[PDB]
Amino acid sequence: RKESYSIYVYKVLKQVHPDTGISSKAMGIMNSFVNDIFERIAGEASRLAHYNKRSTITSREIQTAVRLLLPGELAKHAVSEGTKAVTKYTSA
Amino acid sequence: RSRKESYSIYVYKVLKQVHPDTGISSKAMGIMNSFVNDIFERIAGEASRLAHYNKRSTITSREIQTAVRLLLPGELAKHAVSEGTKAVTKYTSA
Amino acid sequence: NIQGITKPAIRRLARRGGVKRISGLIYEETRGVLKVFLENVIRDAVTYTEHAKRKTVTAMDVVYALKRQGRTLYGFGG
Amino acid sequence: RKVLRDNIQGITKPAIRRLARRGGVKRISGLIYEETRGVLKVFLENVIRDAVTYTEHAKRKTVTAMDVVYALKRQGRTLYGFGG
Amino acid sequence: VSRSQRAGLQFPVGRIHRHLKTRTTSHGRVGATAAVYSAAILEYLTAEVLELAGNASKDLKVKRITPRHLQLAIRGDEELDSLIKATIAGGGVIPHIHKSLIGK
Amino acid sequence: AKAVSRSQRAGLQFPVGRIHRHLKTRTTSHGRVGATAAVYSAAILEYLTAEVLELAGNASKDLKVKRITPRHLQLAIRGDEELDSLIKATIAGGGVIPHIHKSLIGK
Amino acid sequence: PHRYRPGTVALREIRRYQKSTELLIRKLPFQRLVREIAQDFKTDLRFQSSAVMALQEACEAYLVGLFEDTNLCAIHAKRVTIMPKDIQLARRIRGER
Amino acid sequence: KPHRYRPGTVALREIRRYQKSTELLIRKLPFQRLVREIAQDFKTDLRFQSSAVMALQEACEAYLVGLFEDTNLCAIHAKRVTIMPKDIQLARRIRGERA
DNA sequence: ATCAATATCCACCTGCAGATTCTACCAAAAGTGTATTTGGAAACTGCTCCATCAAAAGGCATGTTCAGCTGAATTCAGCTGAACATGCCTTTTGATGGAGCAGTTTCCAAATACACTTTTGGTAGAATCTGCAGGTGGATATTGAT
DNA sequence: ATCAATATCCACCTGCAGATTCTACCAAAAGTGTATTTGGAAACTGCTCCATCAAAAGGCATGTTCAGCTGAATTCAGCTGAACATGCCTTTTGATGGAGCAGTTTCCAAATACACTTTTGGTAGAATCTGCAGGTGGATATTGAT
């Protein structure tokens, strides 16, 4: 049976917009979206480690991969979210 | 010391094979190296994905074959498939 | 079969594309382009089908073929 | 060292003409030279910004021809003949 | 106590890590936090699209986000349009007619 | 028993062993690589290298020179409908295919 | 009786169709064409209904995008009618040729 | 006479001249200097392998020459012979570099 | 036409910058032998796919009529190419110092690999409810025309 | 522009059904706790190779002039492609029952990964070899004036 990000997309929707719902065709687009970006990031991060002769994909590769993939204001805020989630996770 | 692997030996061999009189300049060999590594990556790239889409941990001659049909156009694909099938069967027989 | 893709339909497409006046020769021209487009995409899709030893072209086989032509499509499994 | 400024004008009207000659262009309007310089800077920036991102990630201080080669591949302008 | 909850995210840090292992490479090791960072980012971008899409449905006076809205949110934003040159199925195009075609 | 290179065993000039290794250090995670995947792969790289060198070498003949240069590779590649499509890379040193549109030519 | 000047209904169709999102090729003729084409690569094939639907979507996206670029080549030539030489130019700058 | 080639005659010689050769068309030093000005304005105190500056010039010239061919097709299509910035913008839009 | 006036060839010529071959350790490909999966190979089981039938309702095809667009032709201001004079600043030949890349080690922090214990996310029915697509009737936009 | 009459469009409500959301429990994974394992950090250090400098010379950039011809107006009519009201055929759509065949299984051979102990094939500089860059000079075009 198929994993989907459907659940977690819906959760995120209620945070930013607790009033709005999402149709299923459109929910399928959000899936395609998350998969695509995930594949783009992941791909870039491995390549990065590979160029620098490493074996492990650390958050340093993910962060650089993001600088390379996302266009600019999008890259700032995403890096923010990134370093935010990673510090808080290592405090707790 | 420290050594980078190349393909120049094997490109140079294949060259003698086709045009036994002709030589290759250094810059031109450098391009052929880029050319080989490029294609190798596209093939392995594609073959990797093919294995993923079919829940298959391993890459076999059968992946590489599909990878080549997807990447090479037309007449190049047909000849490449023959050459590789040929080499594979002759490798298992030997 | 390609001719079953009709003049009015092609007119509709152009309209969405922002087109106001259409030359009479566009209709034959477009079919040929649309046929080259489907030929290239299907060929890849069917290549992905066969490798899977299936007899059914799935929507994933198409999405995959499309992604390869750098014409990524969202809404059908990726 | 010395301040670097207005180096885009280092790409002279004559150099741009030669490039358009190889492009098989016969007549060139006067406004092209400044248009061209601007296109080139957008191109050069995007590539250099990416190369340098690969440089910083490797904790180097030297942009290598490998960095530029990878940077170009990211943008779909693959270059053969510098890959070492 | 789940890592997602620990990291402060809605997105599934654990399933993302297991997705990253089965990527790269043959000796592929995946850091603890790469899973979190990655997850933080998919969630941010998802929030950013859904934000604008919701706006596009409120300004059209409807409760349910459809693919049309997703198309309008994306094409109408310079950065998202740059990052997503996919085809949103059922999305349509931004209405827009060239001046010289308008009837004087 | 005495060593026989897998390349030899496959009737190839390209290095089956080194290519098998390059393949392992790629994909996926618990990625296995079949014995013959390396052999099939060496055969195509070798075939393609042959197809390009064949065309480049003819170019250098038409130009009365013994040594293939990047120009020659560029002519060979742009000249062949198949290869031009496969290889939309940029050959450093290449140049362009000399070509001028009719409407530019002196009337 | 009542006639509309040429270009007027045309602009209403543009406005109308840029507003909606349905597919604009008829469903069955399209599917027939897909199967006929696929028959030349493998025989007796079945398609998921959603796969035919992905094709038609990818396909109308494609053609619509291309009509935009074609129209731009046409305006560039100080016309208003698109002609096949505009489609050719558009497809060429794109490197599809 | 004194002898003047008619307008467009030397142009066609240069097209042939340059489509025949393969050397770089932009001067080496001004360009390297431009590459340094741009990297400088991105991350201070940076060095470049010599072949890195060269890889860049190769790619840029490759790029501009390719662009001028497209630009040139837009010009002919507008039934002209002179390229204008209007053409470059059309070529670039269709390639989706600005869209 | 047919000469000028220059540009383009195409050949022959020679030492050197750059190839092709010559050696010398080392990483890695090849030989085993043993341990472990894999992805096949039959056998079923549901589930979507194709193939009917059989209508009304679109939506396409067809022929007229003509507005208005494209293309052809004509003219001309002035932009841009060609040529020339001038001299700067790129190129090319060396050297020098030292930054910094890259090759070795030594090894804790961080990652994997079990082996279990819990938890959630995926299904498949249940329970609302959004908006499609359909009225009215009230300005709007369009086109003929005092 | 008002004065007409079409026809389009736009808002405001309206009622169910097709989808959405909310509800109900079974496993494949996500979360622990233990015990190795390993990679890529930190620390010296040898040593390419990058920044800088000098210097001289000539290949090119620059700026001007001067006028040829190109682009941009403008006008014209032939005729293509839009609008349209007409006529019917092919798409749509909606169960229906039959079945092909994707997708789970449950096994054993074939194929593959390990883990050591020789054994070459390749690589990095040495040592030799030589195509061809970049210089000349007259055939042979190619242009453009008269």
# chains A, B, ... in the order shown; residues from 1 in each chain; ligands from 1

call {"tool": "interface_residues", "arguments": {"of": "chain G", "to": "chain F", "cutoff": "10 Å", "atoms": "only C-alpha atoms", "output": "list in words"}}
result
residues 95, 96 and 97 of chain G

call {"tool": "closest_atom_pairs", "arguments": {"of": "chain B", "to": "chain C", "cutoff": "7 Å", "atoms": "only C-alpha atoms", "output": "tab-separated table"}}
result
residue	atom	partner	partner_atom	distance
B:54	CA	C:52	CA	6.8
B:66	CA	C:51	CA	6.9
B:70	CA	C:44	CA	6.4

call {"tool": "write_last_selection", "arguments": {"atoms": "C-alpha atoms", "output": "compact mmCIF listing (two decimals), in the first residue's frame"}}
result
# COMPACT_ATOMS: atom_id res chain seq x y z
CA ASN B 54 10.68 -1.94 -9.98
CA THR B 66 16.83 -0.44 -21.18
CA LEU B 70 16.02 5.33 -23.47

call {"tool": "closest_residue", "arguments": {"among": "E:24, E:87, E:33, E:71", "to": "chain I", "atoms": "only C-alpha atoms (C1' of nucleotides)"}}
result
E:33

call {"tool": "closest_residue", "arguments": {"among": "I:100, I:94, I:135, I:71", "to": "residue 78 in chain G", "atoms": "only C-alpha atoms (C1' of nucleotides)"}}
result
I:71

call {"tool": "select_by_dssp", "arguments": {"residues": "chain G", "states": "strand (DSSP E)", "output": "ChimeraX atom specification"}}
result
/G:46-47,81-82

call {"tool": "write_last_selection", "arguments": {"atoms": "N, CA and C atoms", "output": "mmCIF file, in the first residue's frame"}}
result
data_model
loop_
_atom_site.group_PDB
_atom_site.id
_atom_site.type_symbol
_atom_site.label_atom_id
_atom_site.label_comp_id
_atom_site.auth_asym_id
_atom_site.auth_seq_id
_atom_site.Cartn_x
_atom_site.Cartn_y
_atom_site.Cartn_z
ATOM 1 N N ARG G 46 -2.669 -2.615 -23.072
ATOM 2 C CA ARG G 46 -3.746 -1.976 -22.345
ATOM 3 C C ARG G 46 -3.187 -0.724 -21.684
ATOM 4 N N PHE G 47 -4.029 0.294 -21.516
ATOM 5 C CA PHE G 47 -3.647 1.522 -20.830
ATOM 6 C C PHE G 47 -4.505 1.722 -19.603
ATOM 7 N N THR G 81 -1.710 37.039 -37.441
ATOM 8 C CA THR G 81 -1.953 35.672 -37.842
ATOM 9 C C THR G 81 -0.710 34.851 -37.568
ATOM 10 N N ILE G 82 -0.872 33.726 -36.885
ATOM 11 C CA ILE G 82 0.219 32.769 -36.805
ATOM 12 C C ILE G 82 0.255 31.880 -38.054
#

call {"tool": "interface_residues", "arguments": {"of": "chain J", "to": "chain B", "cutoff": "9 Å", "atoms": "only C-alpha atoms (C1' of nucleotides)", "output": "PyMOL selection string"}}
result
chain J and resi 122-124

call {"tool": "write_last_selection", "arguments": {"atoms": "C-alpha atoms (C1' of nucleotides)", "output": "PDB file, in the first residue's frame"}}
result
ATOM      1  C1'  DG J 122      48.082   1.645 -15.504  1.00  0.00           C
ATOM      2  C1'  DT J 123      49.864   5.638 -14.115  1.00  0.00           C
ATOM      3  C1'  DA J 124      53.484   9.309 -13.501  1.00  0.00           C
TER       4       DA J 124
END

call {"tool": "interface_residues", "arguments": {"of": "chain J", "to": "chain E", "cutoff": "10 Å", "atoms": "only C-alpha atoms (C1' of nucleotides)", "output": "VMD selection string"}}
result
chain J and resid 20 29 to 31 39

call {"tool": "atom_distance", "arguments": {"atom1": "CA of residue 6 in chain C", "atom2": "CA of residue 19 in chain C"}}
result
17.0 Å

call {"tool": "select_by_dssp", "arguments": {"residues": "chain E", "states": "helix (DSSP H, G or I)", "output": "number ranges by chain"}}
result
E: 3-7, 13-21, 34-58, 67-75, 78-83, 99-101

call {"tool": "interface_residues", "arguments": {"of": "chain I", "to": "chain H", "cutoff": "8 Å", "atoms": "only C-alpha atoms (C1' of nucleotides)", "output": "list in words"}}
result
residues 5, 81, 82, 83 and 90 of chain I

call {"tool": "write_last_selection", "arguments": {"atoms": "N, CA and C atoms (P, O5', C5', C4', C3', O3' and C1' of nucleotides)", "output": "CSV table (one decimal), in the first residue's frame"}}
result
chain,number,residue,atom,x,y,z
I,5,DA,P,45.2,49.8,-59.5
I,5,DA,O5',44.5,49.0,-58.3
I,5,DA,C5',43.1,49.3,-57.9
I,5,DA,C4',42.7,48.4,-56.8
I,5,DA,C3',43.8,48.0,-55.8
I,5,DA,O3',43.3,48.0,-54.5
I,5,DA,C1',42.8,46.0,-56.7
I,81,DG,P,27.2,47.6,-38.9
I,81,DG,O5',28.0,47.4,-40.2
I,81,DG,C5',27.3,47.4,-41.4
I,81,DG,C4',28.3,47.7,-42.5
I,81,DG,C3',29.7,47.1,-42.3
I,81,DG,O3',30.2,46.9,-43.6
I,81,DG,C1',29.8,49.5,-42.4
I,82,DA,P,31.5,46.0,-43.8
I,82,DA,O5',32.5,47.2,-44.4
I,82,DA,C5',32.2,47.9,-45.5
I,82,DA,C4',33.3,48.9,-45.8
I,82,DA,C3',34.8,48.5,-45.6
I,82,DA,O3',35.5,49.0,-46.6
I,82,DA,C1',34.4,50.4,-44.3
I,83,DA,P,37.0,48.5,-46.9
I,83,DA,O5',37.9,49.7,-46.5
I,83,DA,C5',37.6,50.9,-47.1
I,83,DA,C4',38.3,52.1,-46.4
I,83,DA,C3',39.8,51.7,-46.0
I,83,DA,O3',40.5,52.8,-46.4
I,83,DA,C1',38.6,52.6,-44.2
I,90,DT,P,44.1,45.6,-21.4
I,90,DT,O5',44.3,44.2,-22.1
I,90,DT,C5',43.9,44.1,-23.5
I,90,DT,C4',44.9,43.2,-24.2
I,90,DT,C3',45.2,41.8,-23.6
I,90,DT,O3',44.9,40.8,-24.6
I,90,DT,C1',47.2,43.0,-24.1

call {"tool": "residues_around", "arguments": {"residues": "residue 15 in chain C", "least_positions_apart": "5", "cutoff": "10 Å", "atoms": "only C-alpha atoms (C1' of nucleotides)", "output": "ChimeraX atom specification"}}
result
/C:9-10,20-22 /G:10-18,64,67-68

call {"tool": "write_last_selection", "arguments": {"atoms": "N, CA and C atoms", "output": "PDB file, in the first residue's frame"}}
result
ATOM      1  N   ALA C   9     -10.870  21.919 -32.414  1.00  0.00           N
ATOM      2  CA  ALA C   9     -10.128  21.611 -31.199  1.00  0.00           C
ATOM      3  C   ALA C   9      -8.814  22.362 -31.189  1.00  0.00           C
ATOM      4  N   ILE C  10      -8.075  22.277 -32.294  1.00  0.00           N
ATOM      5  CA  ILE C  10      -6.818  23.009 -32.439  1.00  0.00           C
ATOM      6  C   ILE C  10      -7.051  24.512 -32.318  1.00  0.00           C
ATOM      7  N   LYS C  20      -5.207  35.046 -31.877  1.00  0.00           N
ATOM      8  CA  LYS C  20      -6.384  35.792 -32.322  1.00  0.00           C
ATOM      9  C   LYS C  20      -6.796  35.491 -33.756  1.00  0.00           C
ATOM     10  N   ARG C  21      -5.813  35.284 -34.620  1.00  0.00           N
ATOM     11  CA  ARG C  21      -6.071  34.963 -36.018  1.00  0.00           C
ATOM     12  C   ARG C  21      -5.211  33.740 -36.425  1.00  0.00           C
ATOM     13  N   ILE C  22      -5.817  32.712 -37.014  1.00  0.00           N
ATOM     14  CA  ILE C  22      -5.061  31.505 -37.372  1.00  0.00           C
ATOM     15  C   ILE C  22      -4.993  31.194 -38.871  1.00  0.00           C
TER      16      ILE C  22
ATOM     17  N   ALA G  10     -13.417  36.082 -31.604  1.00  0.00           N
ATOM     18  CA  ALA G  10     -12.073  35.517 -31.394  1.00  0.00           C
ATOM     19  C   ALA G  10     -11.495  35.878 -30.026  1.00  0.00           C
ATOM     20  N   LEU G  11     -11.603  37.157 -29.669  1.00  0.00           N
ATOM     21  CA  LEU G  11     -11.125  37.647 -28.396  1.00  0.00           C
ATOM     22  C   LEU G  11     -12.003  37.142 -27.263  1.00  0.00           C
ATOM     23  N   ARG G  12     -13.296  36.953 -27.519  1.00  0.00           N
ATOM     24  CA  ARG G  12     -14.157  36.335 -26.503  1.00  0.00           C
ATOM     25  C   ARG G  12     -13.777  34.878 -26.237  1.00  0.00           C
ATOM     26  N   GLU G  13     -13.406  34.149 -27.287  1.00  0.00           N
ATOM     27  CA  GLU G  13     -12.911  32.796 -27.128  1.00  0.00           C
ATOM     28  C   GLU G  13     -11.589  32.759 -26.331  1.00  0.00           C
ATOM     29  N   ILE G  14     -10.657  33.664 -26.624  1.00  0.00           N
ATOM     30  CA  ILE G  14      -9.419  33.729 -25.842  1.00  0.00           C
ATOM     31  C   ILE G  14      -9.714  33.921 -24.363  1.00  0.00           C
ATOM     32  N   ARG G  15     -10.465  34.981 -24.052  1.00  0.00           N
ATOM     33  CA  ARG G  15     -10.877  35.270 -22.681  1.00  0.00           C
ATOM     34  C   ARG G  15     -11.598  34.088 -22.032  1.00  0.00           C
ATOM     35  N   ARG G  16     -12.552  33.511 -22.750  1.00  0.00           N
ATOM     36  CA  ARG G  16     -13.281  32.344 -22.273  1.00  0.00           C
ATOM     37  C   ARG G  16     -12.345  31.189 -21.959  1.00  0.00           C
ATOM     38  N   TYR G  17     -11.529  30.785 -22.934  1.00  0.00           N
ATOM     39  CA  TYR G  17     -10.678  29.597 -22.765  1.00  0.00           C
ATOM     40  C   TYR G  17      -9.470  29.758 -21.846  1.00  0.00           C
ATOM     41  N   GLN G  18      -9.016  30.990 -21.645  1.00  0.00           N
ATOM     42  CA  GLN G  18      -7.930  31.241 -20.718  1.00  0.00           C
ATOM     43  C   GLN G  18      -8.471  31.230 -19.305  1.00  0.00           C
ATOM     44  N   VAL G  64      -0.270  24.215 -25.935  1.00  0.00           N
ATOM     45  CA  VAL G  64      -0.686  25.565 -25.532  1.00  0.00           C
ATOM     46  C   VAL G  64       0.512  26.456 -25.305  1.00  0.00           C
ATOM     47  N   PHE G  67       1.838  27.459 -28.598  1.00  0.00           N
ATOM     48  CA  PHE G  67       1.061  28.460 -29.302  1.00  0.00           C
ATOM     49  C   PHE G  67       1.417  29.849 -28.792  1.00  0.00           C
ATOM     50  N   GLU G  68       1.710  29.970 -27.500  1.00  0.00           N
ATOM     51  CA  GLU G  68       2.188  31.228 -26.949  1.00  0.00           C
ATOM     52  C   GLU G  68       3.482  31.680 -27.621  1.00  0.00           C
TER      53      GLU G  68
END

call {"tool": "interface_residues", "arguments": {"of": "chain H", "to": "chain F", "cutoff": "10 Å", "atoms": "only C-alpha atoms", "output": "number ranges by chain"}}
result
H: 8-9, 11-12, 15-24, 54-55, 57-59, 61-63, 65-66, 72-73, 76, 79-82

call {"tool": "interface_residues", "arguments": {"of": "chain D", "to": "chain B", "cutoff": "10 Å", "atoms": "only C-alpha atoms", "output": "MDAnalysis selection string"}}
result
chainID D and resid 78:84
